[PDB]
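Contents: one structure, followed by commentary.
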Amino acid sequence: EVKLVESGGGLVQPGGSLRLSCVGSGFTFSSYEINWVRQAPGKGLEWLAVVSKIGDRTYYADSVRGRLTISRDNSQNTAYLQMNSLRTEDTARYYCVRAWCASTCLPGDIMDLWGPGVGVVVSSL
Amino acid sequence: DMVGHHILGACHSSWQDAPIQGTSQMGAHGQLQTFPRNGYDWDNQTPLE
């Protein structure tokens, strides 16, 4: 029943911008935090970004600080990720994950339900 | 008059094992003693951030 399906990703040239939109259904999206996590095809997971419950208090990762800007709209139950600049390293499957507080509160400790994943394939060709 | 004198011996409970986190064990007088997980209430199935 509960889902975090997302879309808005595709093949883009390097040094470009992308708009990833993640929608949620049937789990009161305004009350739970949502994070964005990167998984490289062979280099394991990597946590990218956090937006809090209200929409403010955004804290990113060290490797993508400033490069990625996250946003949240609780009216239509959406979380947006802006990839303002993209190198060739950023080709990966991006997941929007629901994560509430167990020990570490705002970065999230229990990533309960993961989105199906959207594949960003940056390429100069 | 008469008085009964007794010396009760030493009393000490047996050594037990500290429970693993998340384990809820049946206890005394019909009470389910819970050592719940992080982020949950005293009831192990109720979230508590």
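Just so we're on the same page: first chain in the structure tokens is A, next is B, and so on; residues restart at 1 for each chain, and ligands are numbered from 1 in the order they show up.
If we count only C-alpha atoms, these residues of chain A sit within 7 Å of chain B: residues 101, 102 and 103 of chain A.
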Write out, as a PDB file, in the first residue's frame, the residues just selected, with N, CA and C atoms.
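Result saved to out_21.pdb:
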ATOM      1  N   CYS A 101      13.241   8.839  13.115  1.00  0.00           N
ATOM      2  CA  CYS A 101      14.299   8.976  14.106  1.00  0.00           C
ATOM      3  C   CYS A 101      14.305   7.770  15.034  1.00  0.00           C
ATOM      4  N   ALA A 102      15.444   7.081  15.111  1.00  0.00           N
ATOM      5  CA  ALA A 102      15.658   6.075  16.145  1.00  0.00           C
ATOM      6  C   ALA A 102      16.778   6.478  17.090  1.00  0.00           C
ATOM      7  N   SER A 103      17.991   6.681  16.577  1.00  0.00           N
ATOM      8  CA  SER A 103      19.064   7.290  17.352  1.00  0.00           C
ATOM      9  C   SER A 103      19.498   8.615  16.745  1.00  0.00           C
TER      10      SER A 103
END
Shell around residue B:19 at 9 Å using only C-alpha atoms, local window under 5 positions removed, as number ranges by chain: B: 24-25, 35
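Restricting the calculation to only C-alpha atoms, the smallest distance between residue A:81 and any of A:51, A:41, A:111, A:31 is found for A:51.
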Determine, counting only C-alpha atoms, which protein, DNA and RNA residues have an atom within 12 Å of an atom of residue A:71; residues of the same chain fewer than 6 positions away are not included. Present the result as an NGL selection string. :A and (19-22 or 33-36 or 49-60 or 77-83)
Quick one: residues within 10 Å of residue A:10, only C-alpha atoms counted, chain neighbours fewer than 3 positions away excluded, as a list in words? residues 7, 13, 18, 19, 20, 91, 118, 119, 120, 121 and 122 of chain A
